[PDB]
Every structure is written in C-alpha cells, then in structure tokens.
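Peer 1: The first sequence lines up with residues 139 to 184 when you count with the deposited numbering.
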Amino acid sequence: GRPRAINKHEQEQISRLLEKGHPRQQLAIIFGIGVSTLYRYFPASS
DNA sequence: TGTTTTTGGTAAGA
DNA sequence: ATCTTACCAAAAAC
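Here it is in structure tokens:
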C-alpha cells in the first residue's frame, strides 16, 4: 500500500550510523523520515 | 470513492 | 528539558 520510507539498504546504512552512536532525532531530520519511524525500525533495545 | 500498508504527530511513561 | 514507545488517524498508492 504505502511505500516505506527506508529500504533494506538504509536499514543497514542507518543501522551502521546508529551503531557508530548517531542520534535518531538527527538521523531523521536529515534523511527525511520522522523520529517514530526510526525508533520503530531501530528499538533502543538495539 | 474504497481497501491496504506503512507513516508520523504525539501523548505517556511504576 | 530528554529519550522511548505504541497508538491510531491518515497519507500514499493503486
């Protein structure tokens, strides 16, 4: 239905970014997606 | 004009 | 203020 905002490629690039200690809140402004989307794909339990 | 799927503002948090 | 999370109305898509 609705196209995702982040494809499996980013799901890895972003994951890496966050693994290097990157702020989801910033990792969102820049990319374009909202913070809830990001926390949903990358729980703080990640 | 209608169903699906995923988004995102947002309130809420022993 | 700051960080997390699940909602759930609805944008996006056909």
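A virtual CB, placed ideally from N, CA and C, is assigned to each residue, including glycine.
Taking 7 Å as the cut-off, decide whether the C-beta atoms of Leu176 and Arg162 are in contact.
Peer 2: On the first sequence, position 38 is the one that residue 176 refers to. On the first sequence, position 24 is the one that residue 162 refers to. Contact flag set, yes.
Peer 1: Excluding the 5 residues preceding and the 5 following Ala143 in the sequence, name in chain order all residues of the same chain whose CB lies nearer than 6 Å to its CB.
Peer 2: Counted from its first residue, the first sequence places residue 143 at position 5. So the qualifying residues of the chain are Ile171, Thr175.
Peer 1: So, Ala166 versus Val173, is the Cβ gap smaller than 7 Å?
Peer 2: As a working mapping, residue 166 is identified with position 28 in the first sequence. As a working mapping, residue 173 is identified with position 35 in the first sequence. In contact: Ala166 and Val173 (Cβ atoms closer than 7 Å).
Peer 1: Quick check on the DSSP output: the alpha helix (DSSP H) that includes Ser174 runs from which residue to which?
Peer 2: Start at 1 with the first residue of the first sequence, and residue 174 comes out as number 36. 173-179 is the span of the alpha helix (DSSP H), which, as asked, contains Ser174.
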